[PDB]
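**Student:** Have a look at the structure that comes next, please.
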Amino acid sequence: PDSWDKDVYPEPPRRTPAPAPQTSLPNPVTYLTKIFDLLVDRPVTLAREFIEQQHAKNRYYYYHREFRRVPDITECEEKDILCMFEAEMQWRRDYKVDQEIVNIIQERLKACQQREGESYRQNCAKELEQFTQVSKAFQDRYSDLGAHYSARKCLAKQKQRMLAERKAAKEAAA
Amino acid sequence: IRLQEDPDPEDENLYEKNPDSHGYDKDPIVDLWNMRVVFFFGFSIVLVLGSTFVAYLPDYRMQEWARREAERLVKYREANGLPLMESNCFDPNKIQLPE
Amino acid sequence: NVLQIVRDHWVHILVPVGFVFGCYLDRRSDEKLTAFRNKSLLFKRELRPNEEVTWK
Amino acid sequence: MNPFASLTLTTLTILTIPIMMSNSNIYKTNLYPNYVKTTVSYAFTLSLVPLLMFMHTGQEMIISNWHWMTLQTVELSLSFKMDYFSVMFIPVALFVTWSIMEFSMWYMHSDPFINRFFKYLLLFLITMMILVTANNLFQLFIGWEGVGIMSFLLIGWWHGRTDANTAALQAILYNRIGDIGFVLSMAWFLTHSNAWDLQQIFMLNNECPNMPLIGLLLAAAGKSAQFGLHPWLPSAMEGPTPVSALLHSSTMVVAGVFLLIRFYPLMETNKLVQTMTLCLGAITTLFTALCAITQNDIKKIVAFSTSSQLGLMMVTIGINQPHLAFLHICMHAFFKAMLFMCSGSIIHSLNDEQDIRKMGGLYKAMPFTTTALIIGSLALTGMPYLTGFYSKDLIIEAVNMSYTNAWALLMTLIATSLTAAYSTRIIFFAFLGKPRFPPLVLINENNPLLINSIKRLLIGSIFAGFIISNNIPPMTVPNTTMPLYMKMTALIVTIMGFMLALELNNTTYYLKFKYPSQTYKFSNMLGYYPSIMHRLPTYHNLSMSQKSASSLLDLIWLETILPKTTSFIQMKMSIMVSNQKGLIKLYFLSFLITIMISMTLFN
Amino acid sequence: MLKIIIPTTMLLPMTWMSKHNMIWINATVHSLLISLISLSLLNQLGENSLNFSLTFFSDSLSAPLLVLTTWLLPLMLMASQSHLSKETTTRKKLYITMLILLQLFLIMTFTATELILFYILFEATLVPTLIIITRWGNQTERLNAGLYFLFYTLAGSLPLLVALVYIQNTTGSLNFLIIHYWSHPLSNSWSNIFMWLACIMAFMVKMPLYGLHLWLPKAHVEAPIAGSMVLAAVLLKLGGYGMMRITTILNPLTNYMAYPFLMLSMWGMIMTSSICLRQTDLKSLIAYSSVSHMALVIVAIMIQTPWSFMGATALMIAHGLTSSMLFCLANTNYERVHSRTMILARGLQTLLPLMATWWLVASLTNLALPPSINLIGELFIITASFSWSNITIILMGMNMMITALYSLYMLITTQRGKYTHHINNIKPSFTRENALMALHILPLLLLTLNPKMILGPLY
Ligand SMILES: CCCCCCCCCCCCCCCCCC(=O)OC[C@H](COP(=O)([O-])OCC(O)COP(=O)([O-])OC[C@@H](COC(=O)CCCCCCCCCCCCCCCCC)OC(=O)CCCCCCCCCCCCCCCCC)OC(=O)CCCCCCCCCCCCCCCCC
Ligand SMILES: CCCCCCCCCCCCCCCCC[C@@H](O)O[C@H](CO[C@H](O)CCCCCCCCCCCCCCC)COP(=O)(O)OCC[N+](C)(C)C
Ligand SMILES: CCCCCCCC/C=C/CCCCCCCC(=O)OC[C@H](COP(=O)(O)OCCN)OC(=O)CCCCCCC/C=C/CCCCCCCC
Ligand SMILES: CCCCCCCC/C=C\CCCCCCCC(=O)OC[C@H](COP(=O)(O)OCCN)OC(=O)CCCCCCC/C=C/CCCCCCCC
């Protein structure tokens, strides 16, 4: 099956060389492939056809839950427990989504390395740069916040980083 | 001697009075039914039913939801040329630095 | 002998009725925390034509 | 789809199948060993098929079927790497295991727990397959510990033997030091790469550092019994001969070499770790061969030969030749398993006698065993066209033409000569001469199981290196040009060892008796390493465990500081407070003093 | 949480109104039913906890502990059946009542939503344990063990009460959600240092910490089998749960005050493993192994990284199950020969094969054989400690080596060798004992199959 997005999970086109034998001996790999197709592939295909026919008898659907956007901890007032709770939940959902984005990029990198094989150091250098950028951004955002991380702690870290950047820019162009 | 004390009794063997003892009780019927209820309830009910219940617990941790959202965001970001991961979690426009 | 069975095995309903009573008390406690029902920013929703409460 | 991954996973599954059937009347009856042997043979054929598939087009695949758990940004999943190393090592291991299982059917016939023995052998095979096909560090560690504990269980097969129990515990200790190294490597890799899988590890580690590579090297040394952690392998011969033939020499002791082969990109990137690997392998092979040349227990001689071959493999890894090490692994598995089977046949025929000083006349007493052992010793020493020629000769040529340690090269050559020497010792003291066994001759090797198993492992000691070397793609540039005296260096040193060992063995027929030398005592006593290193550290650790931690700290000073001192203080204060005599005059005077103090010093 | 709380308070009258020969059957059956009911708490969310009411809430850290307690009660009932054959009906009912009260207090402690109620229940657990030990222990040292246990716990926990009331007066509330959302940094002053010391020292004495741990061998050796099972598996985890809960308000001072406790915990792992190497008593060996594992959990909690809390939770659950199984095996061997000396009885693999298998499996799980949750937790803790510093790897490696050494040493001593000639009362293993061992061991392998349920809220 191909029930996934090709753009999200890229895969280079597959170039398979044509078989050009130079000997009169038969091919045991070809004979064993024919035997495997006759003995395994056809029965499993028939079983899957029956199962999918049974599935189509009663077809029902499930949905992807959509979450609304809420004001964040920057807009939340101090000691405003309800707004802080909403912002914290939104931040945690965003954190999980970012973790899964990093996972997607790592899967891309692993698949590209395995696919390229012996020439990975050069061919799959585009995935390495994307992974470097994503990893650096993820580290800068959710760096060592500890086991009790929170939206307030992340905001404090971002404010500290912004102050450091502003001071560096001023001392450079001043 | 210092007390009028009973001698230490010899330990009783459950297999002497009942070769088919399961070790639960000295009464044969009570022992058999204790073994049966323990085995049935514990093993069958708890192990099998709780294991399949935990296996088929609904995805309330939103792992699959997070994966789908990540796929959607990655597609939208790389389609429009935007960076996959943002530089900041919050908006510097909304953040007011002290100065 | 049916009375003797009841007179000896009536203690086997205590835990089930306790579980039922605990579920009832949990629902009754949940009904006291409906201050923000259908009022959160994330889950605020117009009620269905045949509906009065989003959750019980 | 593709019959590659399906057939590999099918081989693994059919290996796992008889373990499930161990809860049945098939396990209760006496057909279980034959059932397991048949299953292993079918697995061997079904694994030969993907090997044929690979040798055609070089197909390599990884299967990540089951997702175990996602630790935030790190995903651990059940992944298998069906690459060249896996698809080449699985059929060899299955073939050796099939032969060993038939040999064990013949050998452990009177054992009341032969079914359990075969179950343990199958479990070890499953764990070894998991280790070989593992694609991530966690699964590799699972296989590592599985083979370690299966070795522990099978070494102490006779639970009533204190020597077997202590040998098993010693093996566990050395393998646990190796596991310390392995855990260090895993922790470094996760911390500095956010991955436990080889693909991302290789992608991110363009220049692998000393800490992770030293962790890997320590794990490999612990598993392959290199110098410093070697003595567990010779002591692991307390188990049954099938265990020594299958587990240790053939498939388990090559786990460290295989681990170092799996990280050959990182090994190429680093240099200091390569030098350390080369030096460790050289010293290991030299020391183990030197200990072997003077042993009287045939199983111990074969064990030290296995250790020397492992040292040679480590040397091959240190000169940046990972694939030659794998080829040597395969060929060594073949002929070493055959040699162990022949030694076991000799031992069984002579009523559990494991002394070459009592073996003799077996050249004509046991024809087929003699032929098989001669062929195995010729393959072990590098006969110019046997299985050992296509690995050992290339290894020696690559060591000669390399920018390596001169001392390591010299020790490698001396180790080859000593290999020839101890092969000569085994042959001379076991088969030539006059009988020295008890007069009741019970020699009988006409069992079809034994004959067929040794025959199958015998055809693979002649016609397997040629096929394997001619059916693999060139993964390294050959050394075509070299001086003539360097092209035949291995043959010259082998012949020198043959001649010197034969001369020194012929000198034993003279009616001259002389006391042993310091060198002989050093070599026979295993270099004094087991004595000193098994008596001093153990005594000191077990003494400090009782004198300092248990008695001095826990039972004396930790009790003295908090609970005893407080209790004593409270007891003294209670005595002081309640020691009053109940005299109204005294405590009314105390009342007066209290009244005056309250009136004056309180404002 | 009332759906779980009320059935225990119904176990009490059922136990006291059941027939004399049906108390064990009724208690076991209904404890198993309550455990099955409590299995529903594993359906935790991903962002916030389950807030049932203003008083009780469940989290990904609380749920596995509640399930462990509800599962551990019937096993204690089976062990009590084993060792309380000749007791009178009223005393047996009192023993069952003590076990039920302890389970109820543990459930309420794990599900409490405020620190003061948590403290009240966590101190309320002392009374049933002390009564059980000092009343149904077998040897003279049970009174001393009870005194040591009670006074260590109270000396630890009273400054915690003072600190808790001070914190409530200063901030406004002790509710965990409020003190997490309204958390503010702790300045580096003497007053903050002493408040940190109060809270942490209370939970460390409960944990225990090396140097504050003698009460653990004293109480575990002299307690009956059920008392040892509940002391090692659940009561030791109150300190870990409290530390994982109380450290929210102790930052960033925890980054500065953790050094003495980290050094104590690591050197205590080493020292207690070495002590295990040379122990003449099996129960003492198991107790010191428990001390070492809890020291590792302490290290994880003190380094306080997201990879260390998951390892801490997994290791707590795994150690609880493994220690309970080990204590059950040791109690079976003791009840056969009426002595706790380890070298007294040998050849138990020849005499009892299935018990030898159970011993092998328990000792393999103790030394963290992959892919067991013991190893999962230990490996996560080791990786977090390696990130913290690069010599913790050395300490963890030597600790792991010594752990394997003493586990296999006790296995070989008890099971392998030549059987003692003059011990001729080794009867075949009972179905009750075999079922107890199986019920101890199977959940470990099932949690190995599904490990995400015991990795805490940071998963
Ligand atoms: C701290 C030191 C650290 C050293 C590190 C480096 C180590 C280097 C090792 C070198 C090789 C060691 C050989 C084995 C020594 C032990 C022998 C033994 O125990 O035998 C008993 C054992 C039989 O015991 P047994 O039958 O039970 O009965 C025992 C007797 O009852 C009683 O037995 P015994 O005791 O009467 O018989 C032993 C006797 C006889 O054995 C030998 O002679 C063995 C060596 C044979 C000659 C080797 C050199 C000659 C050939 C090469 C010449 C140069 C070629 C250059 C060109 C090459 C390329 C073309 O030897 C001696 O007495 C002394 C031998 C000294 C060897 C040198 C290394 C150790 C020196 C230690 C210092 C003290 C020495 C004095 C002794 C102690 C104090 C009293 O012997 C054997 O099984 C055979 C041993 C000989 C095998 C030789 C194989 C070939 C060796 C390499 C040749 C060169 C290859 C190419 C190299 C690279 C070229 C580029
Ligand atoms: C035979 C030799 C056995 C010993 C050696 C082991 C060798 C390997 C043996 C492997 C056997 C199992 C392989 C096949 C496993 C099939 C089941 C597995 O796939 O499901 C697991 C699930 O298993 C259960 O989750 C385990 C339950 C664990 C909890 C049981 C608790 C019972 C009560 C006891 C209380 C104990 C308290 C302890 C603290 C909690 C994993 O979860 P998942 O694949 O995704 O579920 C799929 C369903 N989906 C798709 C809808 C998600
Ligand atoms: C960092 C972790 C620790 C590293 C190692 C430090 C020393 C280890 C301390 C060991 C503690 C001792 C515990 C005692 C357990 C029981 C001991 C025991 O069973 O007896 C000794 C037992 C068996 O005695 P036998 O010799 O077989 O006698 C049989 C007679 N028929 O032998 C042993 O197991 C002791 C082995 C101790 C190992 C010490 C040597 C290890 C040092 C080498 C490390 C260097 C490796 C070099 C590789 C470097 C690669 C980069
Ligand atoms: C590219 C060309 C080279 C490709 C690689 C070729 C590898 C050739 C390996 C051997 C060929 C395959 C032989 C198939 C044997 C398995 C057949 C089988 O299942 O059993 C039949 C039959 C009887 O088995 P029993 O145990 O006695 O059962 C009796 C039942 N009443 O099996 C046999 O014994 C056949 C005899 C085998 C002859 C000896 C073959 C020795 C082969 C040496 C090299 C093999 C190395 C393995 C792979 C090499 C590459 C890594």
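Lettering and numbering for the structure tokens are positional, with chains as A, B, ... in the shown order, residues counted from 1 in each chain, and ligands counted from 1 in the shown order.
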Residues of chain D within 6 Å of chain A, using only C-alpha atoms, as a PDB file with N, CA and C atoms, in the first residue's frame?
**Tutor:**
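File written: out_5.pdb
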```pdb
ATOM      1  N   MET D  53      20.139 -15.139  -3.392  1.00  0.00           N
ATOM      2  CA  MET D  53      19.595 -13.879  -3.895  1.00  0.00           C
ATOM      3  C   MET D  53      20.609 -12.744  -3.785  1.00  0.00           C
ATOM      4  N   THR D  73      11.938  12.250  20.981  1.00  0.00           N
ATOM      5  CA  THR D  73      12.543  12.366  19.662  1.00  0.00           C
ATOM      6  C   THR D  73      13.348  11.137  19.259  1.00  0.00           C
ATOM      7  N   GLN D 199      22.094   3.599  10.952  1.00  0.00           N
ATOM      8  CA  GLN D 199      21.982   4.541   9.842  1.00  0.00           C
ATOM      9  C   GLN D 199      22.253   5.968  10.303  1.00  0.00           C
ATOM     10  N   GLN D 200      21.547   6.415  11.343  1.00  0.00           N
ATOM     11  CA  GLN D 200      21.769   7.769  11.835  1.00  0.00           C
ATOM     12  C   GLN D 200      23.118   7.898  12.529  1.00  0.00           C
TER      13      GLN D 200
END
```
**Student:** Residues at most 10 Å from residue 216 in chain D, counting only C-alpha atoms, excluding those fewer than 5 positions away in the same chain, as an MDAnalysis selection string?
**Tutor:** chainID D and resid 178:186 210:211 221:222 256 259:260 263 267 273
**Student:** Show me, as an mmCIF file with N, CA and C atoms, in the first residue's frame, the residues that have an atom within 9 Å of range 66-70 of chain D when counting only C-alpha atoms, minus same-chain residues fewer than 4 positions from it.
**Tutor:**
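File selection.cif, as written:
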```
data_model
loop_
_atom_site.group_PDB
_atom_site.id
_atom_site.type_symbol
_atom_site.label_atom_id
_atom_site.label_comp_id
_atom_site.auth_asym_id
_atom_site.auth_seq_id
_atom_site.Cartn_x
_atom_site.Cartn_y
_atom_site.Cartn_z
ATOM 1 N N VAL D 74 13.365 10.093 20.081
ATOM 2 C CA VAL D 74 14.087 8.861 19.785
ATOM 3 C C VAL D 74 13.071 7.733 19.698
ATOM 4 N N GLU D 75 13.058 7.031 18.569
ATOM 5 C CA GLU D 75 12.133 5.930 18.333
ATOM 6 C C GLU D 75 12.902 4.617 18.358
ATOM 7 N N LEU D 76 12.513 3.718 19.258
ATOM 8 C CA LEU D 76 13.043 2.366 19.304
ATOM 9 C C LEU D 76 12.020 1.434 18.671
ATOM 10 N N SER D 77 12.448 0.705 17.645
ATOM 11 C CA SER D 77 11.590 -0.224 16.932
ATOM 12 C C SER D 77 12.381 -1.486 16.626
ATOM 13 N N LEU D 78 11.654 -2.580 16.422
ATOM 14 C CA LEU D 78 12.265 -3.861 16.078
ATOM 15 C C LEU D 78 12.713 -3.791 14.625
ATOM 16 N N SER D 79 14.018 -3.647 14.410
ATOM 17 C CA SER D 79 14.572 -3.493 13.074
ATOM 18 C C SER D 79 15.644 -4.542 12.828
ATOM 19 N N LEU E 449 6.552 -6.223 27.153
ATOM 20 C CA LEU E 449 5.883 -6.126 25.857
ATOM 21 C C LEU E 449 5.320 -4.729 25.621
ATOM 22 N N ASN E 450 4.695 -4.138 26.641
ATOM 23 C CA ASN E 450 4.094 -2.806 26.543
ATOM 24 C C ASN E 450 4.743 -1.893 27.578
ATOM 25 N N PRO E 451 5.850 -1.232 27.225
ATOM 26 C CA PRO E 451 6.601 -0.455 28.221
ATOM 27 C C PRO E 451 6.143 0.984 28.393
ATOM 28 N N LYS E 452 5.313 1.518 27.496
ATOM 29 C CA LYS E 452 4.944 2.927 27.583
ATOM 30 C C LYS E 452 3.995 3.226 28.735
ATOM 31 N N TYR E 459 6.732 10.729 29.220
ATOM 32 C CA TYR E 459 6.817 9.928 28.007
ATOM 33 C C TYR E 459 6.204 10.672 26.826
#
```
**Student:** To one decimal place, how far is CA of residue 23 in chain B from CA of residue 432 in chain E in Å?
**Tutor:**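 We find that CA of residue 23 in chain B and CA of residue 432 in chain E lie 5.7 Å from each other.
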**Student:** Which residues of chain E are close to chain A, meaning at most 10 Å apart when you count only C-alpha atoms, and how do they look as a PyMOL selection string?
**Tutor:** chain E and resi 46-48+177-178+180-183+244-245+247-249+251+301+303-310+457-458
**Student:** What residues have any atom no more than 9 Å from ligand 1 when counting only C-alpha atoms and all ligand atoms, and can you list them as JSON, numbers by chain?
**Tutor:** {"D": [286, 287, 290, 291, 292, 293, 294, 295, 296, 409, 410, 411, 412, 413, 414, 415, 416, 417, 418, 419, 420, 421, 422, 424, 425, 429, 485, 489, 490, 492, 493, 494, 495, 496, 497, 498, 499, 500, 501, 502, 503, 504, 505, 507, 508, 513, 514, 515, 516, 517, 518, 519, 520, 521, 522, 523, 524]}
**Student:** Those same residues, written as an mmCIF file, in the first residue's frame with C-alpha atoms?
**Tutor:**
```
data_model
loop_
_atom_site.group_PDB
_atom_site.id
_atom_site.type_symbol
_atom_site.label_atom_id
_atom_site.label_comp_id
_atom_site.auth_asym_id
_atom_site.auth_seq_id
_atom_site.Cartn_x
_atom_site.Cartn_y
_atom_site.Cartn_z
ATOM 1 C CA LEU D 286 50.763 -14.467 20.776
ATOM 2 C CA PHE D 287 50.000 -15.158 24.441
ATOM 3 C CA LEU D 290 52.284 -19.647 23.591
ATOM 4 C CA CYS D 291 50.017 -21.053 26.297
ATOM 5 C CA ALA D 292 48.526 -23.563 23.842
ATOM 6 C CA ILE D 293 51.806 -25.122 22.695
ATOM 7 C CA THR D 294 52.312 -26.825 26.085
ATOM 8 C CA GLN D 295 48.845 -27.919 27.249
ATOM 9 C CA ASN D 296 47.881 -31.527 27.930
ATOM 10 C CA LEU D 409 53.690 -7.877 12.914
ATOM 11 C CA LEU D 410 56.464 -9.916 14.536
ATOM 12 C CA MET D 411 54.060 -11.265 17.161
ATOM 13 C CA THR D 412 51.586 -12.219 14.427
ATOM 14 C CA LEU D 413 54.256 -14.213 12.585
ATOM 15 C CA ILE D 414 55.363 -15.911 15.810
ATOM 16 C CA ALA D 415 51.714 -16.705 16.563
ATOM 17 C CA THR D 416 51.329 -18.394 13.173
ATOM 18 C CA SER D 417 54.433 -20.491 13.843
ATOM 19 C CA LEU D 418 53.087 -21.435 17.282
ATOM 20 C CA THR D 419 49.757 -22.358 15.671
ATOM 21 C CA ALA D 420 51.566 -24.868 13.483
ATOM 22 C CA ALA D 421 53.458 -26.015 16.587
ATOM 23 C CA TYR D 422 50.404 -26.805 18.701
ATOM 24 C CA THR D 424 51.699 -30.721 15.535
ATOM 25 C CA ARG D 425 51.519 -31.332 19.288
ATOM 26 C CA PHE D 429 50.374 -36.884 21.083
ATOM 27 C CA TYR D 485 59.901 -13.640 0.355
ATOM 28 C CA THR D 489 56.048 -15.665 4.633
ATOM 29 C CA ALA D 490 53.114 -17.600 6.107
ATOM 30 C CA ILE D 492 57.824 -20.453 5.700
ATOM 31 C CA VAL D 493 56.890 -19.746 9.322
ATOM 32 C CA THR D 494 54.305 -22.545 9.272
ATOM 33 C CA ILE D 495 56.903 -25.043 8.035
ATOM 34 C CA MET D 496 59.426 -23.799 10.604
ATOM 35 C CA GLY D 497 56.879 -24.333 13.370
ATOM 36 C CA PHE D 498 56.043 -27.783 12.001
ATOM 37 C CA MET D 499 59.704 -28.816 11.965
ATOM 38 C CA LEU D 500 60.584 -27.405 15.394
ATOM 39 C CA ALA D 501 57.505 -28.901 17.064
ATOM 40 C CA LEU D 502 58.169 -32.270 15.426
ATOM 41 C CA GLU D 503 61.797 -32.222 16.585
ATOM 42 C CA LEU D 504 60.885 -31.336 20.170
ATOM 43 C CA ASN D 505 58.195 -34.034 20.181
ATOM 44 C CA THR D 507 63.055 -35.710 21.638
ATOM 45 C CA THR D 508 60.513 -37.134 24.118
ATOM 46 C CA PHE D 513 64.759 -36.801 32.052
ATOM 47 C CA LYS D 514 65.302 -33.142 32.941
ATOM 48 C CA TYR D 515 63.461 -30.772 35.248
ATOM 49 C CA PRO D 516 61.319 -28.095 33.559
ATOM 50 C CA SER D 517 62.481 -24.588 32.729
ATOM 51 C CA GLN D 518 61.173 -21.212 33.845
ATOM 52 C CA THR D 519 59.781 -20.613 30.352
ATOM 53 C CA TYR D 520 58.007 -23.982 30.383
ATOM 54 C CA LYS D 521 56.496 -23.280 33.800
ATOM 55 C CA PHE D 522 55.363 -19.835 32.641
ATOM 56 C CA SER D 523 53.772 -21.229 29.479
ATOM 57 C CA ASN D 524 52.078 -24.233 31.103
#
```
**Student:** Can I get the residues close to ligand 3 as a PyMOL selection string, where close means within 6 Å and we count only C-alpha atoms and all ligand atoms?
**Tutor:** (chain D and resi 163+166-167+170+173+217-218+221+228-229+530+533-534+537-538+541) or (chain E and resi 398)
**Student:** Write the residues of the preceding selection, restricted to C-alpha atoms, as an mmCIF file, in the first residue's frame.
**Tutor:**
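Below is the file part_16.cif, written as the result:
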```cif
data_model
loop_
_atom_site.group_PDB
_atom_site.id
_atom_site.type_symbol
_atom_site.label_atom_id
_atom_site.label_comp_id
_atom_site.auth_asym_id
_atom_site.auth_seq_id
_atom_site.Cartn_x
_atom_site.Cartn_y
_atom_site.Cartn_z
ATOM 1 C CA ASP D 163 34.307 -26.151 38.788
ATOM 2 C CA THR D 166 32.740 -21.148 39.066
ATOM 3 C CA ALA D 167 33.585 -21.268 35.348
ATOM 4 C CA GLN D 170 33.769 -16.211 35.739
ATOM 5 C CA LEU D 173 31.968 -11.566 35.189
ATOM 6 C CA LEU D 217 36.575 -1.964 21.775
ATOM 7 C CA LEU D 218 36.203 -2.885 25.454
ATOM 8 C CA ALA D 221 37.513 -7.542 23.925
ATOM 9 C CA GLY D 228 43.219 -9.038 30.111
ATOM 10 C CA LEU D 229 39.785 -10.662 29.835
ATOM 11 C CA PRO D 530 44.704 -16.880 36.252
ATOM 12 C CA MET D 533 44.365 -12.194 38.863
ATOM 13 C CA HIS D 534 41.890 -14.761 40.229
ATOM 14 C CA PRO D 537 41.563 -9.014 43.338
ATOM 15 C CA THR D 538 38.884 -11.460 44.480
ATOM 16 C CA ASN D 541 37.252 -7.279 47.151
ATOM 17 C CA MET E 398 30.885 -1.315 38.409
#
```
**Student:** Enumerate as a VMD selection string the residues within 9 Å of ligand 4, counting only C-alpha atoms and all ligand atoms.
**Tutor:** chain D and resid 34 37 to 45 48 to 49 51 to 52 55 to 56 87 to 96 98 to 99 102 330 334 449 452 to 453 455 to 465 467 to 468 470 to 471
**Student:** At a cut-off of 9 Å around ligand 2, and using only C-alpha atoms and all ligand atoms, what residues come up? Please write them as a ChimeraX atom specification.
**Tutor:** /B:42,46-59 /D:16,19-20,66-69 /E:35-36,39,42,63-72,317-318,320-321,439-440,442-451,453-454
**Student:** Enumerate as a list in words the residues belonging to chain B that approach chain A to within 6 Å, with only C-alpha atoms taken into account.
**Tutor:**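 Result: residues 66, 67, 70, 75, 85 and 87 of chain B.
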**Student:** Residues within 8 Å of residue 237 in chain E, please, as JSON, numbers by chain. Count only C-alpha atoms; anything in the same chain fewer than 4 positions from it doesn't count.
**Tutor:** {"E": [207, 233, 241, 316]}
**Student:** Save the residues we just selected, N, CA and C atoms, as a JSON list (two decimals), in the first residue's frame?
**Tutor:**
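Produced file selection_22.json, reproduced below:
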```json
[["chain", "number", "residue", "atom", "x", "y", "z"],
["E", 207, "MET", "N", 13.14, 6.79, 51.55],
["E", 207, "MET", "CA", 13.42, 6.18, 50.25],
["E", 207, "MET", "C", 13.89, 4.73, 50.35],
["E", 233, "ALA", "N", 8.00, -3.44, 48.00],
["E", 233, "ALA", "CA", 7.43, -3.17, 46.68],
["E", 233, "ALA", "C", 6.80, -1.79, 46.59],
["E", 241, "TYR", "N", 7.94, 8.79, 44.83],
["E", 241, "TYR", "CA", 6.78, 9.55, 44.37],
["E", 241, "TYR", "C", 6.77, 10.95, 44.98],
["E", 316, "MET", "N", 11.28, 1.79, 39.45],
["E", 316, "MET", "CA", 10.49, 1.59, 40.67],
["E", 316, "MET", "C", 9.51, 0.44, 40.50]]
```
**Student:** For chain A, work out the contacting residues on chain C at 8 Å, counting only C-alpha atoms, and write them as an MDAnalysis selection string.
**Tutor:** chainID C and resid 41:43
**Student:** Return the neighbours of chain E among the residues of chain C, cut-off 8 Å, counting only C-alpha atoms, as a count of residues only.
**Tutor:** 17
**Student:** Tell me which protein, DNA and RNA residues are within 9 Å of residue 54 in chain C, counting only C-alpha atoms, leaving out same-chain ones fewer than 5 positions away, and put them as a list in words.
**Tutor:** residues 37, 38, 45, 47 and 48 of chain C
**Student:** I'd like the contact shell of residue 21 in chain B - 12 Å cut-off, only C-alpha atoms, skipping same-chain residues fewer than 2 positions apart - returned as a list in words.
**Tutor:** residues 13, 14, 15, 16, 17, 18, 19, 23, 24, 25, 26, 27, 28, 29, 30, 31, 32, 33, 34 and 35 of chain B; 427, 428, 429, 430, 431 and 432 of chain E
**Student:** Report the residues of range 180-377 of chain E whose backbone DSSP state falls under helix (DSSP H, G or I), written as number ranges by chain.
**Tutor:** E: 180-181, 190-206, 215-222, 225-235, 237-249, 254-277, 282-303, 306-337, 348-351, 353-366, 373-377
